[PDB]
$ cat start.cif   # mmCIF, N, CA and C atoms
data_model
#
loop_
_atom_site.label_atom_id
_atom_site.label_comp_id
_atom_site.auth_asym_id
_atom_site.auth_seq_id
_atom_site.Cartn_x
_atom_site.Cartn_y
_atom_site.Cartn_z
N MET M 1 -1.93 -3.55 -11.35
CA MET M 1 -3.09 -4.20 -10.67
C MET M 1 -3.01 -4.02 -9.16
N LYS M 2 -3.94 -4.64 -8.44
CA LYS M 2 -3.98 -4.56 -6.99
C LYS M 2 -4.26 -5.92 -6.37
N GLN M 3 -3.89 -6.09 -5.10
CA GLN M 3 -4.11 -7.35 -4.41
C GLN M 3 -4.86 -7.08 -3.12
N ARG M 4 -6.04 -7.66 -2.98
CA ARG M 4 -6.82 -7.44 -1.77
C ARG M 4 -6.45 -8.44 -0.68
N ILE M 5 -5.63 -7.99 0.24
CA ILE M 5 -5.23 -8.81 1.37
C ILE M 5 -6.07 -8.38 2.55
N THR M 6 -6.98 -9.24 2.97
CA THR M 6 -7.87 -8.89 4.05
C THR M 6 -7.90 -9.91 5.17
N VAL M 7 -7.58 -9.43 6.36
CA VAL M 7 -7.61 -10.26 7.55
C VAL M 7 -8.91 -9.99 8.30
N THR M 8 -9.88 -10.89 8.16
CA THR M 8 -11.17 -10.71 8.81
C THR M 8 -10.99 -10.79 10.32
N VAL M 9 -10.83 -9.63 10.94
CA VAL M 9 -10.60 -9.56 12.38
C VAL M 9 -11.90 -9.60 13.20
N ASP M 10 -12.16 -8.56 14.01
CA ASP M 10 -13.34 -8.55 14.88
C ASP M 10 -13.08 -9.47 16.06
N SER M 11 -12.33 -10.54 15.80
CA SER M 11 -11.95 -11.50 16.80
C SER M 11 -10.45 -11.37 17.08
N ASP M 12 -9.68 -11.08 16.03
CA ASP M 12 -8.24 -10.90 16.16
C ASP M 12 -7.93 -9.53 16.75
N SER M 13 -6.66 -9.31 17.10
CA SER M 13 -6.23 -8.07 17.74
C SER M 13 -6.32 -6.83 16.85
N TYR M 14 -6.39 -7.01 15.55
CA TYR M 14 -6.48 -5.87 14.64
C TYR M 14 -7.40 -4.78 15.20
N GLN M 15 -8.61 -5.19 15.60
CA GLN M 15 -9.61 -4.26 16.12
C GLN M 15 -9.04 -3.37 17.22
N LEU M 16 -8.21 -3.94 18.08
CA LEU M 16 -7.62 -3.18 19.18
C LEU M 16 -6.87 -1.95 18.66
N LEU M 17 -5.98 -2.17 17.69
CA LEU M 17 -5.20 -1.08 17.13
C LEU M 17 -6.08 -0.04 16.46
N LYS M 18 -7.00 -0.50 15.62
CA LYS M 18 -7.90 0.40 14.92
C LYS M 18 -8.91 0.98 15.88
N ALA M 19 -9.15 0.25 16.95
CA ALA M 19 -10.06 0.70 17.98
C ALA M 19 -9.48 1.91 18.68
N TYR M 20 -8.17 2.11 18.52
CA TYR M 20 -7.47 3.22 19.11
C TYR M 20 -6.61 3.95 18.08
N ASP M 21 -6.77 3.61 16.80
CA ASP M 21 -5.98 4.24 15.75
C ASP M 21 -6.15 3.47 14.46
N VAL M 22 -7.38 3.46 13.98
CA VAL M 22 -7.73 2.77 12.75
C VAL M 22 -6.94 3.32 11.59
N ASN M 23 -5.66 3.02 11.66
CA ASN M 23 -4.66 3.40 10.70
C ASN M 23 -3.63 2.31 10.72
N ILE M 24 -4.07 1.15 10.32
CA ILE M 24 -3.24 -0.01 10.34
C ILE M 24 -3.21 -0.67 8.99
N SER M 25 -4.31 -0.55 8.27
CA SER M 25 -4.38 -1.15 6.96
C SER M 25 -3.08 -0.89 6.23
N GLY M 26 -2.66 0.37 6.27
CA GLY M 26 -1.39 0.74 5.67
C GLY M 26 -0.26 0.13 6.46
N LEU M 27 -0.43 0.14 7.78
CA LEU M 27 0.52 -0.44 8.71
C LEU M 27 0.80 -1.89 8.35
N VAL M 28 -0.25 -2.62 7.99
CA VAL M 28 -0.11 -4.02 7.63
C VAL M 28 1.04 -4.17 6.66
N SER M 29 0.94 -3.47 5.54
CA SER M 29 1.98 -3.47 4.52
C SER M 29 3.27 -2.83 5.03
N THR M 30 3.19 -2.03 6.09
CA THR M 30 4.37 -1.37 6.64
C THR M 30 5.13 -2.35 7.51
N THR M 31 4.41 -3.03 8.38
CA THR M 31 5.01 -4.00 9.27
C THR M 31 5.75 -5.06 8.45
N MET M 32 5.34 -5.20 7.20
CA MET M 32 5.96 -6.15 6.29
C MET M 32 7.25 -5.56 5.75
N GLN M 33 7.21 -4.28 5.37
CA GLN M 33 8.38 -3.59 4.85
C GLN M 33 9.57 -3.80 5.78
N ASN M 34 9.30 -3.80 7.08
CA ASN M 34 10.34 -4.01 8.07
C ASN M 34 10.76 -5.47 8.07
N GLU M 35 9.77 -6.35 8.12
CA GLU M 35 10.03 -7.78 8.07
C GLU M 35 10.45 -8.16 6.65
N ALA M 36 10.23 -7.22 5.72
CA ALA M 36 10.58 -7.42 4.33
C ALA M 36 12.02 -7.02 4.10
N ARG M 37 12.38 -5.81 4.52
CA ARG M 37 13.75 -5.34 4.38
C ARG M 37 14.67 -6.35 5.00
N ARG M 38 14.41 -6.62 6.27
CA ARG M 38 15.21 -7.55 7.01
C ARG M 38 15.15 -8.95 6.39
N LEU M 39 14.13 -9.21 5.58
CA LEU M 39 13.96 -10.50 4.93
C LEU M 39 15.09 -10.76 3.93
N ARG M 40 15.72 -11.92 4.05
CA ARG M 40 16.82 -12.29 3.18
C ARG M 40 17.14 -13.78 3.32
N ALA M 41 16.10 -14.60 3.33
CA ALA M 41 16.27 -16.05 3.46
C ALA M 41 16.81 -16.41 4.84
N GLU M 42 18.09 -16.15 5.06
CA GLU M 42 18.73 -16.45 6.33
C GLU M 42 18.39 -15.39 7.38
N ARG M 43 17.93 -15.85 8.54
CA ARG M 43 17.57 -14.94 9.62
C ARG M 43 17.74 -15.62 10.98
N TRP M 44 18.57 -15.03 11.84
CA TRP M 44 18.82 -15.58 13.16
C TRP M 44 18.14 -14.74 14.24
N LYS M 45 18.27 -15.18 15.49
CA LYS M 45 17.67 -14.47 16.62
C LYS M 45 18.18 -15.03 17.94
N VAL M 46 17.69 -16.20 18.31
CA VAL M 46 18.09 -16.85 19.55
C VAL M 46 17.61 -16.06 20.77
N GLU M 47 18.21 -14.89 20.98
CA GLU M 47 17.84 -14.05 22.11
C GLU M 47 18.29 -12.61 21.88
N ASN M 48 17.33 -11.72 21.68
CA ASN M 48 17.62 -10.31 21.44
C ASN M 48 16.80 -9.41 22.37
N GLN M 49 17.48 -8.50 23.06
CA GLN M 49 16.82 -7.58 23.98
C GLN M 49 17.83 -6.64 24.63
N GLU M 50 17.78 -5.37 24.24
CA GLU M 50 18.70 -4.38 24.78
C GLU M 50 18.15 -2.97 24.60
N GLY M 51 17.80 -2.32 25.71
CA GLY M 51 17.28 -0.97 25.65
C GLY M 51 15.76 -0.93 25.66
N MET M 52 15.14 -2.00 25.17
CA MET M 52 13.68 -2.09 25.12
C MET M 52 13.10 -1.02 24.20
N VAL M 53 13.05 0.22 24.69
CA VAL M 53 12.52 1.33 23.90
C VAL M 53 13.63 2.32 23.55
N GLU M 54 14.46 2.65 24.54
CA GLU M 54 15.57 3.57 24.34
C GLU M 54 16.85 2.99 24.93
N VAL M 55 17.11 3.27 26.20
CA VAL M 55 18.29 2.76 26.87
C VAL M 55 18.06 2.75 28.37
N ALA M 56 16.79 2.66 28.75
CA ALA M 56 16.41 2.67 30.14
C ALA M 56 14.94 2.36 30.23
N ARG M 57 14.15 3.35 29.81
CA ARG M 57 12.71 3.24 29.77
C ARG M 57 12.08 4.63 29.78
N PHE M 58 11.24 4.91 28.79
CA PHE M 58 10.58 6.21 28.70
C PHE M 58 9.08 6.05 28.39
N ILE M 59 8.70 6.22 27.12
CA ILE M 59 7.31 6.09 26.72
C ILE M 59 6.43 7.08 27.48
N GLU M 60 5.25 7.37 26.93
CA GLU M 60 4.32 8.30 27.56
C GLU M 60 2.90 7.76 27.53
N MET M 61 2.27 7.71 28.70
CA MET M 61 0.90 7.22 28.81
C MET M 61 -0.04 8.31 29.31
N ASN M 62 -1.14 8.51 28.60
CA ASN M 62 -2.12 9.53 28.97
C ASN M 62 -3.15 8.96 29.94
N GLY M 63 -3.40 7.66 29.83
CA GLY M 63 -4.37 7.02 30.70
C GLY M 63 -5.15 5.92 30.00
N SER M 64 -6.41 6.19 29.69
CA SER M 64 -7.26 5.22 29.02
C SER M 64 -8.23 5.91 28.07
N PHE M 65 -7.78 6.16 26.84
CA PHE M 65 -8.61 6.81 25.84
C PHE M 65 -8.93 5.85 24.69
N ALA M 66 -10.22 5.72 24.38
CA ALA M 66 -10.66 4.84 23.31
C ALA M 66 -10.28 5.41 21.94
N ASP M 67 -11.28 5.88 21.18
CA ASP M 67 -11.03 6.45 19.86
C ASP M 67 -12.35 6.76 19.15
N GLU M 68 -13.31 7.28 19.91
CA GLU M 68 -14.62 7.62 19.36
C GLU M 68 -15.19 8.86 20.06
N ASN M 69 -15.91 9.68 19.30
CA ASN M 69 -16.51 10.89 19.85
C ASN M 69 -17.90 10.61 20.41
N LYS M 70 -18.57 9.60 19.86
CA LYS M 70 -19.91 9.23 20.30
C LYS M 70 -20.89 10.38 20.09
N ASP M 71 -22.15 10.15 20.45
CA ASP M 71 -23.18 11.16 20.29
C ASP M 71 -23.34 11.98 21.57
N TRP M 72 -23.86 13.19 21.42
CA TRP M 72 -24.06 14.08 22.56
C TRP M 72 -25.13 15.13 22.26
N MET P 1 -20.27 -9.95 13.96
CA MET P 1 -19.76 -11.31 13.61
C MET P 1 -18.27 -11.27 13.31
N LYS P 2 -17.90 -10.59 12.23
CA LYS P 2 -16.50 -10.48 11.84
C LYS P 2 -16.22 -9.12 11.20
N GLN P 3 -14.95 -8.71 11.19
CA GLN P 3 -14.57 -7.44 10.60
C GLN P 3 -13.55 -7.68 9.50
N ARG P 4 -13.89 -7.28 8.28
CA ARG P 4 -12.99 -7.47 7.15
C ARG P 4 -12.09 -6.27 6.93
N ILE P 5 -10.85 -6.38 7.36
CA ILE P 5 -9.88 -5.32 7.15
C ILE P 5 -9.13 -5.65 5.88
N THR P 6 -9.37 -4.88 4.83
CA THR P 6 -8.75 -5.16 3.55
C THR P 6 -7.79 -4.08 3.11
N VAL P 7 -6.53 -4.45 3.14
CA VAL P 7 -5.46 -3.57 2.69
C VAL P 7 -5.05 -4.00 1.29
N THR P 8 -5.80 -3.57 0.29
CA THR P 8 -5.48 -3.93 -1.09
C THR P 8 -4.04 -3.52 -1.40
N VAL P 9 -3.12 -4.44 -1.16
CA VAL P 9 -1.71 -4.18 -1.36
C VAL P 9 -1.28 -4.34 -2.82
N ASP P 10 -0.52 -5.40 -3.15
CA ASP P 10 -0.02 -5.59 -4.52
C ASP P 10 1.09 -4.58 -4.78
N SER P 11 0.86 -3.37 -4.30
CA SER P 11 1.82 -2.29 -4.42
C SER P 11 2.54 -2.12 -3.09
N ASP P 12 1.78 -2.21 -2.01
CA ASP P 12 2.33 -2.09 -0.67
C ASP P 12 3.20 -3.31 -0.33
N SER P 13 3.90 -3.22 0.79
CA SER P 13 4.83 -4.27 1.21
C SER P 13 4.19 -5.59 1.62
N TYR P 14 2.90 -5.59 1.91
CA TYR P 14 2.23 -6.81 2.31
C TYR P 14 2.70 -7.98 1.45
N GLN P 15 2.57 -7.80 0.14
CA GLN P 15 2.95 -8.81 -0.83
C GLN P 15 4.36 -9.34 -0.59
N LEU P 16 5.26 -8.44 -0.19
CA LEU P 16 6.64 -8.82 0.06
C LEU P 16 6.72 -9.93 1.10
N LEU P 17 5.86 -9.86 2.11
CA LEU P 17 5.84 -10.86 3.17
C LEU P 17 5.16 -12.14 2.72
N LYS P 18 4.04 -12.01 2.03
CA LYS P 18 3.30 -13.18 1.57
C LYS P 18 4.02 -13.83 0.41
N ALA P 19 4.79 -13.03 -0.29
CA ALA P 19 5.56 -13.50 -1.42
C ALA P 19 6.57 -14.53 -0.94
N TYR P 20 6.96 -14.41 0.32
CA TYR P 20 7.92 -15.32 0.92
C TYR P 20 7.43 -15.82 2.27
N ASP P 21 6.13 -15.69 2.53
CA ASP P 21 5.58 -16.14 3.80
C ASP P 21 4.15 -15.65 3.94
N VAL P 22 3.30 -16.11 3.04
CA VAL P 22 1.90 -15.75 3.04
C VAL P 22 1.24 -16.25 4.31
N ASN P 23 1.66 -15.60 5.37
CA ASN P 23 1.23 -15.85 6.73
C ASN P 23 1.31 -14.53 7.44
N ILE P 24 0.46 -13.62 7.02
CA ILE P 24 0.48 -12.29 7.57
C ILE P 24 -0.88 -11.82 7.93
N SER P 25 -1.87 -12.24 7.17
CA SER P 25 -3.20 -11.79 7.45
C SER P 25 -3.50 -11.96 8.94
N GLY P 26 -3.31 -13.19 9.42
CA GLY P 26 -3.50 -13.45 10.83
C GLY P 26 -2.47 -12.70 11.64
N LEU P 27 -1.28 -12.56 11.06
CA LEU P 27 -0.19 -11.85 11.68
C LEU P 27 -0.57 -10.40 11.91
N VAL P 28 -1.17 -9.78 10.89
CA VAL P 28 -1.59 -8.40 10.98
C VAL P 28 -2.20 -8.11 12.34
N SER P 29 -3.23 -8.87 12.68
CA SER P 29 -3.91 -8.74 13.96
C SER P 29 -3.00 -9.06 15.15
N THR P 30 -1.92 -9.81 14.93
CA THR P 30 -1.01 -10.16 16.01
C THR P 30 -0.15 -8.96 16.34
N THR P 31 0.42 -8.37 15.29
CA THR P 31 1.24 -7.20 15.46
C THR P 31 0.46 -6.12 16.19
N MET P 32 -0.86 -6.22 16.09
CA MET P 32 -1.75 -5.29 16.74
C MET P 32 -1.84 -5.59 18.22
N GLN P 33 -2.00 -6.87 18.55
CA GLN P 33 -2.09 -7.29 19.95
C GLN P 33 -0.94 -6.69 20.75
N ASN P 34 0.24 -6.64 20.14
CA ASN P 34 1.40 -6.07 20.79
C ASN P 34 1.31 -4.55 20.76
N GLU P 35 0.91 -4.03 19.61
CA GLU P 35 0.72 -2.59 19.47
C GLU P 35 -0.60 -2.20 20.14
N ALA P 36 -1.38 -3.21 20.52
CA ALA P 36 -2.65 -3.01 21.18
C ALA P 36 -2.44 -2.83 22.67
N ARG P 37 -1.71 -3.77 23.27
CA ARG P 37 -1.41 -3.68 24.69
C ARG P 37 -0.62 -2.43 24.96
N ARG P 38 0.50 -2.34 24.26
CA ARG P 38 1.39 -1.23 24.43
C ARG P 38 0.81 0.06 23.85
N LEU P 39 -0.17 -0.07 22.93
CA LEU P 39 -0.81 1.08 22.28
C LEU P 39 0.14 2.27 22.17
N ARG P 40 1.16 2.13 21.33
CA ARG P 40 2.14 3.18 21.12
C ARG P 40 2.72 3.10 19.71
N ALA P 41 1.84 3.12 18.72
CA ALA P 41 2.26 3.04 17.32
C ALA P 41 3.25 4.14 16.97
N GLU P 42 3.48 4.34 15.67
CA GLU P 42 4.40 5.35 15.20
C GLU P 42 4.04 5.79 13.78
N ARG P 43 4.52 6.97 13.39
CA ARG P 43 4.25 7.50 12.06
C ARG P 43 5.54 7.73 11.28
N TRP P 44 5.77 6.89 10.27
CA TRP P 44 6.97 7.00 9.45
C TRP P 44 6.88 6.10 8.23
N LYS P 45 6.14 6.56 7.22
CA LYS P 45 5.97 5.79 5.99
C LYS P 45 7.13 6.04 5.02
N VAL P 46 7.00 5.51 3.81
CA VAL P 46 8.03 5.68 2.79
C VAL P 46 7.94 7.05 2.13
N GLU P 47 9.04 7.48 1.52
CA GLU P 47 9.08 8.77 0.85
C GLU P 47 8.89 8.61 -0.66
N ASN P 48 9.91 8.09 -1.33
CA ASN P 48 9.86 7.89 -2.77
C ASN P 48 10.00 6.41 -3.11
N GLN P 49 10.00 6.10 -4.41
CA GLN P 49 10.13 4.72 -4.87
C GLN P 49 11.40 4.55 -5.70
N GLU P 50 11.68 3.31 -6.08
CA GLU P 50 12.87 3.00 -6.87
C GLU P 50 12.48 2.58 -8.29
N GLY P 51 11.71 1.51 -8.39
CA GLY P 51 11.28 1.02 -9.69
C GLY P 51 12.34 0.17 -10.36
N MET P 52 13.21 -0.44 -9.56
CA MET P 52 14.27 -1.29 -10.09
C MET P 52 15.00 -2.01 -8.96
N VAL P 53 14.55 -3.22 -8.65
CA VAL P 53 15.16 -4.02 -7.59
C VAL P 53 16.64 -4.24 -7.85
N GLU P 54 16.99 -4.49 -9.11
CA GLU P 54 18.38 -4.72 -9.48
C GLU P 54 18.74 -3.96 -10.76
N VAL P 55 18.67 -4.65 -11.91
CA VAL P 55 18.98 -4.08 -13.23
C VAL P 55 19.67 -5.13 -14.08
N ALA P 56 18.89 -5.84 -14.89
CA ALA P 56 19.41 -6.88 -15.74
C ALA P 56 18.31 -7.35 -16.65
N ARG P 57 17.31 -7.95 -16.02
CA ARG P 57 16.16 -8.41 -16.74
C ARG P 57 15.12 -9.00 -15.80
N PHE P 58 13.87 -8.60 -15.99
CA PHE P 58 12.77 -9.08 -15.16
C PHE P 58 11.42 -8.81 -15.82
N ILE P 59 11.13 -9.54 -16.88
CA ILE P 59 9.88 -9.38 -17.61
C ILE P 59 8.72 -10.01 -16.84
N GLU P 60 7.50 -9.80 -17.32
CA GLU P 60 6.30 -10.34 -16.68
C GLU P 60 6.51 -11.80 -16.26
N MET P 61 6.14 -12.12 -15.03
CA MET P 61 6.28 -13.47 -14.51
C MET P 61 4.95 -14.00 -13.98
N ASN P 62 4.83 -15.33 -13.92
CA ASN P 62 3.61 -15.96 -13.43
C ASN P 62 3.85 -16.64 -12.09
N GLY P 63 5.08 -17.09 -11.86
CA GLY P 63 5.41 -17.75 -10.61
C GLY P 63 6.03 -19.12 -10.82
N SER P 64 6.48 -19.73 -9.73
CA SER P 64 7.10 -21.05 -9.80
C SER P 64 7.27 -21.65 -8.41
N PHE P 65 8.03 -20.95 -7.56
CA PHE P 65 8.27 -21.41 -6.20
C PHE P 65 8.09 -20.27 -5.20
N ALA P 66 7.70 -20.63 -3.98
CA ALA P 66 7.49 -19.65 -2.92
C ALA P 66 6.31 -18.75 -3.23
N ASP P 67 6.52 -17.88 -4.19
CA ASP P 67 5.50 -16.93 -4.62
C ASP P 67 6.02 -16.05 -5.75
N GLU P 68 7.28 -15.63 -5.62
CA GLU P 68 7.91 -14.78 -6.63
C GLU P 68 9.40 -15.07 -6.72
N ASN P 69 9.77 -16.34 -6.60
CA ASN P 69 11.16 -16.75 -6.67
C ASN P 69 11.48 -17.37 -8.02
N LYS P 70 12.74 -17.76 -8.21
CA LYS P 70 13.17 -18.37 -9.46
C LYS P 70 13.58 -19.83 -9.25
N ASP P 71 14.66 -20.03 -8.49
CA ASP P 71 15.15 -21.37 -8.21
C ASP P 71 15.47 -21.53 -6.73
N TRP P 72 16.51 -20.83 -6.27
CA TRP P 72 16.92 -20.90 -4.87
C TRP P 72 16.39 -19.70 -4.09
#
$ encode --input "start.cif" --output "structure tokens"
Amino acid sequence: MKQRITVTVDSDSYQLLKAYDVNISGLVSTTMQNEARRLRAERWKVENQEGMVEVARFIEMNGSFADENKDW
Amino acid sequence: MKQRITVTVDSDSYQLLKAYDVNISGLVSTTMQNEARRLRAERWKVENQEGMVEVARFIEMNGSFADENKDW
């Protein structure tokens, strides 16, 4: 069978991601796999932060691109 | 008005999170806000499946506690 899990966004941030990469629906269940794997009843944290992205800072920014071709 | 993002999981990991924390739908859009600001998603889904969490016995179930638990 299947389970329809739907977060009615438009107001929530979902739109932002899909607004620039409407490839999250799958992500939804993916973001869980991570929170799922790590899921094991007991879970600590307190304070975690080291490297941020790598071990200094990298990432790549092109500027400001939406995600639509529009009409022309 | 609103946008219905429906990731019919049941098979996907979504269920894994709701199975032990059915507090993701709203979360979905949250994970986006972070992936929205930073707008730097990633591509790395699953490869194959297992089809056996353990190996002993696990016939059709209806539920009892949490969502898919037994006792503790």
$ calpha_fit_rmsd --input "start.cif" --fixed "chain P" --moving "chain M"
9.7 Å
$ resolve_selection --input "start.cif" --expression "the PyMOL selection byres ((chain P and name CA) within 6 of (chain M and name CA))" --output "VMD selection string"
chain P and resid 2 to 10 12 to 14 16 to 17 25 28 to 30 32 to 33 36
$ select_by_dssp --input "start.cif" --residues "chain P" --states "strand (DSSP E or B)" --output "PyMOL selection string"
chain P and resi 3-8
$ atom_distance --input "start.cif" --atom1 "atom C of residue 42 (chain P)" --atom2 "atom N of residue 55 (chain M)"
18.2 Å
$ atom_distance --input "start.cif" --atom1 "CA of residue 38 (chain M)" --atom2 "CA of residue 46 (chain P)"
15.6 Å
$ select_by_dssp --input "start.cif" --residues "region 6-65 of chain P" --states "helix (DSSP H, G or I)" --output "ChimeraX atom specification"
/P:14-18,25-37
$ atom_distance --input "start.cif" --atom1 "atom C of residue 43 (chain P)" --atom2 "atom C of residue 53 (chain M)"
15.7 Å
$ decode --input "start.cif" --residues "region 34-69 of chain P" --atoms "C-alpha atoms" --output "PDB file, in the first residue's frame"
ATOM      1  CA  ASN P  34      17.287  26.021   6.133  1.00  0.00           C
ATOM      2  CA  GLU P  35      17.846  24.486   2.722  1.00  0.00           C
ATOM      3  CA  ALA P  36      15.976  27.550   1.454  1.00  0.00           C
ATOM      4  CA  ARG P  37      18.228  30.213   2.914  1.00  0.00           C
ATOM      5  CA  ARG P  38      21.352  28.284   2.257  1.00  0.00           C
ATOM      6  CA  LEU P  39      19.841  26.915  -0.998  1.00  0.00           C
ATOM      7  CA  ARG P  40      22.477  24.196  -1.351  1.00  0.00           C
ATOM      8  CA  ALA P  41      20.697  20.833  -1.432  1.00  0.00           C
ATOM      9  CA  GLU P  42      22.385  17.584  -2.447  1.00  0.00           C
ATOM     10  CA  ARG P  43      21.830  14.480  -4.577  1.00  0.00           C
ATOM     11  CA  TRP P  44      22.357  11.094  -2.925  1.00  0.00           C
ATOM     12  CA  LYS P  45      19.392   8.727  -2.650  1.00  0.00           C
ATOM     13  CA  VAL P  46      19.339   5.041  -1.713  1.00  0.00           C
ATOM     14  CA  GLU P  47      20.690   2.275  -3.948  1.00  0.00           C
ATOM     15  CA  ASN P  48      19.118  -1.069  -3.043  1.00  0.00           C
ATOM     16  CA  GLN P  49      16.793  -2.420  -0.351  1.00  0.00           C
ATOM     17  CA  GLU P  50      17.020  -5.043   2.394  1.00  0.00           C
ATOM     18  CA  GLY P  51      13.558  -6.440   3.059  1.00  0.00           C
ATOM     19  CA  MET P  52      14.444  -7.648   6.548  1.00  0.00           C
ATOM     20  CA  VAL P  53      14.952  -5.317   9.510  1.00  0.00           C
ATOM     21  CA  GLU P  54      16.087  -8.252  11.650  1.00  0.00           C
ATOM     22  CA  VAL P  55      15.061 -11.926  11.146  1.00  0.00           C
ATOM     23  CA  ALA P  56      12.833 -13.780  13.587  1.00  0.00           C
ATOM     24  CA  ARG P  57       9.223 -12.944  13.137  1.00  0.00           C
ATOM     25  CA  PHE P  58       7.158  -9.936  12.064  1.00  0.00           C
ATOM     26  CA  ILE P  59       3.727 -10.765  10.645  1.00  0.00           C
ATOM     27  CA  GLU P  60       1.071  -8.195   9.681  1.00  0.00           C
ATOM     28  CA  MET P  61       0.566  -5.676  12.490  1.00  0.00           C
ATOM     29  CA  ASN P  62      -2.094  -3.080  13.304  1.00  0.00           C
ATOM     30  CA  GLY P  63      -0.306  -1.043  15.958  1.00  0.00           C
ATOM     31  CA  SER P  64      -0.287  -0.435  19.707  1.00  0.00           C
ATOM     32  CA  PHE P  65       2.108   2.283  20.873  1.00  0.00           C
ATOM     33  CA  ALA P  66       3.940   5.168  19.195  1.00  0.00           C
ATOM     34  CA  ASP P  67       2.989   4.016  15.727  1.00  0.00           C
ATOM     35  CA  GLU P  68       4.857   0.784  15.001  1.00  0.00           C
ATOM     36  CA  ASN P  69       6.273  -0.295  18.363  1.00  0.00           C
TER      37      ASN P  69
END
